[PDB]
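Next up is one chain by itself, shown in structure tokens, the form deposited in one PDB entry.
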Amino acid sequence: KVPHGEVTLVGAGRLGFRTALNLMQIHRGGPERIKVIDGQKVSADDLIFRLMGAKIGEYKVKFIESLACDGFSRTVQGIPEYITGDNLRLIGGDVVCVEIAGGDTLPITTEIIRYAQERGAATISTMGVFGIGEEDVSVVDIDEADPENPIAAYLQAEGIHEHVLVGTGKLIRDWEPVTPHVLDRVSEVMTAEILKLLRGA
């Protein structure tokens, strides 16, 4: 009942930072190592980062890493890089969780899922995270996901299997914006499903 295994978080924006902070606080278990990959820096509009003391201009994943000082008994590594089909070498570990909103990320998300699964990682990603507050956050394997959701339809057409999707099913093309309470709820459910997948071994 000690930390075991490695989780890679691809995306450390408003959702991925929340999931990083949830995973870093797990005790009596959880991952022994967390890798967080994103090449973006803290901007004025990253209020959740700034309220925790991040400075404008800092890489988001360096701010995160800094919360794990010398005596921390799990390792947290911030990798300040944007993932393209050619730096997939940074993808490995036991669970790979991709958290970037929108449809502009789906080709890379699909490349990361394939690369991770062929190295034996379990994979998880989102199916829409928009919403004003009380929207149901649901969890589904890709083969049971609703084909009317364009993210599930695309991953199905790309032949993805054995892949967990989490979210509200509301997308950038729906009316709702992105709100902090919905991202807290998605991050809490993401964290639970990551732990279930880390139990796998």
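In case it trips you up, residue 1 is the first one in the sequence shown, and so on. What we label the rigid core is the largest C-alpha set whose atoms superpose within 1.5 Å from one form to the other. Only residues modelled in both forms are compared.
According to the PDB record, 28 to 36 carries the higher mean C-alpha B-factor of the two stretches 161 to 169 and 28 to 36. Averaged over their C-alpha atoms, the temperature factors of 52 to 60 and 149 to 157 are higher for 52 to 60. Listed residues 122, 83, 98, 129 were ranked by CA B-factor as deposited; 83 comes out on top. Among all modelled residues in its chain, residue 94 ranks in the middle third by Cα B-factor. Remark: residue 197 belongs to the middle third of its chain, ranked by C-alpha B-factor as recorded. In the deposited entry, the Cα temperature factor of residue 69 places it in the highest third of its chain's modelled residues. When all modelled residues of the chain are sorted by CA temperature factor, residue 137 is found within the middle third.
The entry lists a Cα temperature factor for residue 112 that places it in the lowest third of the chain's modelled residues.
The same protein also has a form deposited with a small molecule bound, omitted here; what follows describes it.
None of 65 to 73, 146 to 154, 132 to 140, 51 to 59 except one has non-hydrogen atoms within 4.5 angstroms of the small molecule in the bound PDB entry; the exception is 146 to 154. At the 4.5 Å threshold, heavy atoms of residue 121 stay clear of the small molecule in the bound PDB entry, well away from it. Although the partner is absent from this view, residue 106 contacts the small molecule in the bound PDB entry, with a non-hydrogen atom inside 4.5 angstroms. When the small molecule is considered in the bound PDB entry, residue 14 lines it closely, a heavy atom lying within 4.5 Å. At a distance threshold of 4.5 angstroms between non-hydrogen atoms, residue 47 is out of contact with the small molecule in the bound PDB entry. Of the residues listed here (107, 80, 92, 102), only one shifts its CA by 2 angstroms or more between this form and the one not shown after fitting on the rigid core, and it is 102. Here's the thing about residue 102 and residue 163: their CA atoms end up at least 3 Å farther apart in the bound PDB entry than they are in this form. Relative to the shown form, the Cα atoms of residue 80 and residue 102 move together by 3 Å or more in the bound PDB entry.
Look at the core-aligned forms between this form and the one not shown and you find a single run of 3 or more residues with C-alpha shifts of 2 angstroms or more, at 101 to 103.
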